[PDB]
């Protein structure tokens, strides 16, 4: 939503680490400083990797965010991201996010990163058919059936998981970079129809 009157940053963003992130972004001197919606509208990029953030509550008030770097934090719930319709790049590596339902309406999202999140179920990704780059390395994924729906993918990382069947990737004609090392892959027939692969990693398969 939006704030109708001047309001302290700390009152909008509960998480102290995140409040500090917003403070620096807006070049304000303190999280106790009052901000307006006009100022919040100016935010289109949040760089907060390894910033000890546990909750991004308050981010709902930043309608123009297109890039969000939140790698290495303490995130679990990303429901506050639900209506950030302009989100194009979303990096959430090294967190503990498993509920991907909040991403279902992010129809402009082109790059998504969720490595090291302990994820096993990615069926929620079906709602991001426009996705171009997807990083899911170092998780506990076995079933990648849903990926057959992400036909726009040109970059896909599924390294260090528990995948055996890559048939779901057979129809992803746009794939240029495919990282599949450290899985349980034996059958590579699925790659017979891929014509644009430039980078392909398949080493260290445990069968």
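Positions refer to the first chain, counted from 1.
- In this entry, 180 to 188 has the higher mean Cα B-factor, the comparison being between 16 to 24 and 180 to 188.
- Taking the PDB entry as given, 97 to 105 carries the higher mean Cα B factor of the two stretches 67 to 75 and 97 to 105.
- The top Cα temperature factor in the record, among 170, 47, 59, 40, falls on 170.
- Looking at the C-alpha B-factors along this chain, the one for residue 159 belongs to the lowest third.
- Residue 82: CA B factor in the middle third of modelled residues in this chain (values from the PDB entry).
- Among all modelled residues in its chain, residue 34 ranks in the highest third by Cα B-factor.
- Ranked within its chain, residue 138 lands in the middle third, by CA B factor from the PDB record.
- Sort the modelled residues of the chain by CA B factor and residue 55 lands in the lowest third.
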